[PDB]
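Novice: fold the stuff below for me.
(chains A, B, C, D, E and F)
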Amino acid sequence: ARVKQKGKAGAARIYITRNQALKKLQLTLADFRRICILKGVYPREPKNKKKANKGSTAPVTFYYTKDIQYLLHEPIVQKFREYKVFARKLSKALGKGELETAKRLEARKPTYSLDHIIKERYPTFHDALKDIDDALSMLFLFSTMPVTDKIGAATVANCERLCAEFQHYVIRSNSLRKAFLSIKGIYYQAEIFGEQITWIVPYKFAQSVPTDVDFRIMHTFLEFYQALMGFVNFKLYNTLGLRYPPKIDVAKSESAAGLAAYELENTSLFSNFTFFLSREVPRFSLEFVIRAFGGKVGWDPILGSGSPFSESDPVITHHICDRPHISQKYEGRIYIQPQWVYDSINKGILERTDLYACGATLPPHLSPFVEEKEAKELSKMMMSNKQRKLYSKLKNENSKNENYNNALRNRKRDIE
Amino acid sequence: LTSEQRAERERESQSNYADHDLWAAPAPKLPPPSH
Amino acid sequence: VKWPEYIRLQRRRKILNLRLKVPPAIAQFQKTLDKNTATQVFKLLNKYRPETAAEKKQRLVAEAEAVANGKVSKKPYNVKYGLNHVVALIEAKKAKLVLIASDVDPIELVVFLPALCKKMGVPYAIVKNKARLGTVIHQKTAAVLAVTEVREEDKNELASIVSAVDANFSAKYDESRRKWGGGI
Amino acid sequence: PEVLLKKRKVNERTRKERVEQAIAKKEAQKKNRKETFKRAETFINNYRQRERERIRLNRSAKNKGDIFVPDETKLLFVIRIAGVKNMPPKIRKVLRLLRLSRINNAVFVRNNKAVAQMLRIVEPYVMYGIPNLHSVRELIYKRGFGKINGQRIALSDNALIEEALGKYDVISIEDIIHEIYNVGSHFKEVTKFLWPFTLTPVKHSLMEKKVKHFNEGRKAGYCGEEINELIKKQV
RNA sequence: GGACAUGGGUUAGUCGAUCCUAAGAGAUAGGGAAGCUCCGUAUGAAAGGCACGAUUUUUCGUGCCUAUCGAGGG
RNA sequence: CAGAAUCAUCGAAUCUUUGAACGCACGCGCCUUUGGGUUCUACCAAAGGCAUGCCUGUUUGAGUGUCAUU
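Specialist: Residues are numbered from 1 along each chain as shown, chains lettered A, B, ... in the order given. Sure, structure below:
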C-alpha cells in the first residue's frame, strides 16, 4: 500500500470544525444552531488540538463527524427549506397585490413537529424527568414577560397554559417537597417517579429587557421546550387519570383566577388548615405552595375571582399578611408572615407562628437543598504528575469559608 | 365539500397539542443548587 | 473582471439599441408614459382586476350549493387583456383606453399597435414594463391591457385619465414619434 | 461520569467589536436618511383631513353637547391610535391634557361627564374601552413605569413606590392596582405618578412584517371589552 | 525427449508494478461536416475552497486566494 | 458406471467479468447506511450509489437585462 498521508484517520478525521459542518450540511449558521438546539448537539474539545486541525493552531470549535452525519438525514431540515420556499411565495403574493393568496398561504404555512426529536432525544420517561428542570425554569420564566416582536403572543399563551397545567399536576399529585426563597425568586423543588425536579420562578414584576440578550436563540428554545411540556404532561395526566389537556374556562381566566380556570376532570402537612391570602402577597406562588399540602386556600378578590372564602369567614386558620398594619384584624386566623409557610415546607413541621407574626423580626431562612512537616514535604517533590494540588484547590475554598463562618458565630454572639 | 364544511373543517385543523404519548448525549450537568 | 458570455451579451445588446438608427415604429417604444400618470393609470386598473382562479371557484361553489339545496346577476366588469382579444376590441371600437407594454420581446407583436389605435381613434399609452401589466391580471406578463367599459361610479375617473394620456403622451411627443430613434 | 462544561468558543472580544461596528453603522444610516421629498398630493391630503377634522369639531361641540356617558365602569382605558401631521390646535392641547403626547401611549381615566366630553372631542384618534381587573394587572405588572423625580424609571422596586407614595397609603405594586381598579381617594395622585405605557403594535408573523402601515387593524372609537383582548394580545 | 499419459510446484508491510511526469496522444468548451466524422485542449467556458460569525429578517452576511493515457523520478 | 424425470410446460425468480457499457482508467477513488473482532478515535467487510445529450417540473442563484416602490 501507499504511504498513508497525515490526518487521514483518528483525531484528524472524527473531529470536524464548525465551518466544515456548515458546508457539509449545506446550511447557514443560524439554521445550523437551530438544528443543534433542537437535536442534542454540542462541541467536543479534542485532546490533541493541532493534531485535529490539520496542523493549524487557531482556536476553532469542533464536532463529532458521526454527529454531523446524523443531521444530514434529519427530516426537519427539509421543513427549514420549505419555509425558505414559503417566505418567498408570501413575498411574491404581497408584491403583486394578492392580499388573498397571502392569506391562504399563511394559513397553509409549513410546520414541523418535534415528536421524533423528543423520542430520539429522551427515550425513557425517566430520561425526560431528569433533563426537564431547565424546561420548567424556562417556561415559568416567560409567563411573566411582556410580549415582544421577537416572541409571539401565542407562544406566551403556550407558556401560561403549560405552566398552569404543571402546577395543577403537582398539587393533584402532592409531589411538592420543598420551596426555597431567594432574590432569584422562589426556588421550587418536587419529585416525580423517583426523579427530582427543581426550578426557579421569577418574581412577577414589571421587569425590563436588557437589550443585549439575543432573542432569536431564546425563541427556538421555547419552540423546543413548549413541545416537550405537552408530551411530558400528557403522560403524567394519563398516569394520574386526568384528561390532558385539562379544560380551561376563558371567562374565569380573564379574571386573574390562576389555576381556577383549569379543571382536572409530608403530603398532609397543612391538611387540617385554612388559609386566606391578603392583597399584598405573592398570590401566584402562595396559592400553589399551600394547596400542595392540603391547605384550604382563599384570597382577596382584588387578586382574582374564584375565591372559595370571603374576608368575613372566620374558618381561616391563618390570615397571612405582610402589610405592616392590620386595621380589621380577625380572630382564629393567627396573622403570620409568608416566610413561615416556606420554613414549614422545608422542615415539614408546623413552625411557630408568633415569631413570624405581623411586625415580628423575621427568622433566618434555611436552604433545603444545601513529623507533620516531613509527611507534607516529601510528596511535594518526589512524585511526577502532581495531583497534590487537589488540596490547594478543593480544600482551600472549603477551609476558608469554614473558618470564616465559624468566626461569624463567635462574632455574632459578641454582638448579642 | 361545500363552503361551510371546508370552513368548519378549517377550524378543526391547526390543532395539535399533546394528543398522543411518545413514551409508550450525556447529562447536561444540572446547575448547582441554591446556596 | 472577465464577464460571463451572457452578461456581455446582455450589455452589448443594450448598447447596440441606443447606437443604431432605430426605425420610427420601434422608436416610439422608447419615449413612454411618465411616472405620475403611470401610477394613476394603474390606480384605476387595480379596481377592475379580473378575479383569480381562486376567487372564480369559491364564487362558483356558492352558486352550486345554492342550486344543490334550492334557488340573476349583473355583467362582470373587469379589464381586457390578451393580444388577440385586445386587438379585436380596438378594431371593434369597444376599447376606451389601451396600455401597451413597452418592452415586449419580439417587438413584432406590438409594433403595429400605436398605428392601429391611432387609426381607430382609441386613446393609447405605452406603459413602462410588462410585469406591471402582468400583475394587474394575475399573470407573469401582459403584452397589452385595455379598458373597455367601467361602472358609472368610475366613469368620471377614466375620463379624467384619458384626457391626461392625451395631454401627457399624445399631445407631447407626437412629432418625436416620427423621427428615427437612436443614432446616439 | 463528569462532563465538564468549558468556556464558550465565542471570542467575546470580536463579538462586542462587531456590535460596536454594528452600532457605528446604524447611527450613520439614521444620519444619512435625511430630508426626503414630499409630493404635492400629501399637502392636499393634510388639508382635506384638516377641514374634515375641523368640521367634525364644530358639529360635535355646537348643537351636540350630548354624551351617552358609558356606564357601569368608573374606570376607562384610552389609547391613541394615530395622529395627523399639522395637528389642529385644539386636539394638540387636549391630547397633552390627557398625557397622550406621543402615539401608542396608554392612560387610565376616571369616567365622568368632563373626561368623556374631552374623549368625545378627540374620538377619531383614540380607541377606548373598559379594562378588566386581569388586564389592568398585567399592564402594571409587565409595562408599569413610574415617574420618580421626573425620569423614565421602571417600577422595579416596591421601596420606590413606598418612598414616593407613602403619605397616600401606597406601599406596594399590589396597592397600586387595587387603588386604580377601585379609583379611591389617591387615584389622582397614583395616576399622576404613573408613566404612560407604550403599546407599540407587535409584528411576529411574516405577513405583518411586510404589509404596509400595519397596526393590527386598530379602529377609532368605542370598542367595549375588545380593548381587553387587544391588551391580552399586546400584553 | 520439449512426445503423450498421471500428479505436484511460483507464498512478500521491506523485491518490482500499482504512485509521477517527459515528447506527444488526448475527452471537454467550442467550430466545422450532407454525412462516417473533422478541428480544437488554453482555447471570448459562470470551468475551483478557505476562513470568520452569541444567529442574520430565527429567508447568509463579511473577508482572502486563483481533465485524461503515456517508461527516467520513488 | 456408481411426486420420480438428462421429462414436458412456463405467468416466479437467479442471471459471474464484460459488451451501447455508464464513477475514473485498462488498477484507483468519492458518497450514504449497516456490521464484525478471545483486537473497537485504528482496521476491515458488506449493501446501496456517482456516465453524458436532451425534455417537463423543482429548488438554489447571476445580471451597470427591463422596471417598479413617498
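
Novice: so how far is stretch D:169-185 from its chain's centroid?
Specialist: Mean-position distance between stretch D:169-185 and its chain equals 20 Å (C-alpha atoms, centre = their mean, to the nearest Å).

Novice: check the secondary structure at residue A:198 for me.
Specialist: strand (DSSP: H, G, I helix; E, B strand; the rest coil).

Novice: again with residue C:145
Specialist: When classified by three-state DSSP, residue C:145 comes out as strand.

Novice: just the element for the residue nearest to it when sequence neighbours are not counted, please.
Specialist: Nearest residue to residue C:145, sequence neighbours excluded (C-beta to C-beta, 6 or more residues apart in numbering or on different chains): residue C:99, at 4.6 Å. For the C-beta atoms, the positions are set from N, CA and C on the backbone; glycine is no exception. Using DSSP states H and E, residue C:99 maps to strand C:97-100.

Novice: strand partners (parallel or antiparallel) of that strand?
Specialist: With DSSP bridges as the test, strand C:97-100 is paired with strand C:124-125 (parallel), strand C:144-147 (antiparallel).

Novice: which stretch among those comes nearest residue A:311?
Specialist: Closest to residue A:311 of the strands paired with strand C:97-100 is strand C:144-147 (C-beta to C-beta; 74.5 Å).

Novice: starting at the chain centroid, how far to that closest one?
Specialist: Here strand C:144-147 is found 5 Å from its chain centre; the criterion is C-alpha atoms, centre = their mean.

Novice: about what we covered before: turn the strands paired with strand C:97-100 into TSV, columns for mean neighbour count.
Specialist: Supplementary listing: these in TSV, determined by neighbours: other C-beta atoms under 10 Å in any protein chain shown:
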stretch	mean neighbour count
strand C:124-125	25
strand C:144-147	25
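
Novice: in CSV, list those along with distance to RNA strand E.
Specialist: Formatted as CSV, these follow (distance: least, C-beta to the nearest atom of the strand, whole Å):
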stretch, distance to RNA strand E
strand C:124-125, 34
strand C:144-147, 29
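
Novice: save the ones you listed as CSV, and put in distance to residue D:205 too.
Specialist: Shown next, in CSV, are the strands paired with strand C:97-100 (distance: least, C-beta to C-beta, whole Å):
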stretch, distance to residue D:205
strand C:124-125, 39
strand C:144-147, 34
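
Novice: which among those strands is found nearest to residue A:81?
Specialist: strand C:144-147 (36.8 Å).

Novice: do that closest one and RNA strand F come into contact?
Specialist: No. Judged by C-beta under 7 Å from any atom of the strand, strand C:144-147 stays clear of RNA strand F, getting no closer than 14.6 Å.

Novice: which residues are contacting that strand?
Specialist: For strand C:144-147, the external contacting residues (C-beta atoms under 8 Å, 6 or more residues apart in numbering or on different chains) are C:44-45, C:48, C:79-83, C:86-87, C:89-90, C:95-101, C:110, C:113, C:127, C:133, C:136-137, C:158.

Novice: quick check: what element follows it along the chain?
Specialist: Moving toward the C-terminus from strand C:144-147, the next helix or strand (DSSP H and E) is helix C:152-165.

Novice: mind checking which of the contacts of strand C:144-147 are in strands?
Specialist: C:80, C:81, C:97, C:98, C:99, C:100 (DSSP state E).

Novice: put the alpha carbons of the strand holding residue C:99 into CSV.
Specialist: Only the C-alpha atoms of strand C:97-100 are listed here, as CSV (Å, rounded to 0.1, in the frame of the first residue of the first chain):
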residue,chain,number,x,y,z
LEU,C,97,-58.0,53.1,-23.4
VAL,C,98,-55.2,50.8,-24.5
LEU,C,99,-52.0,50.4,-22.5
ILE,C,100,-49.1,48.8,-24.4
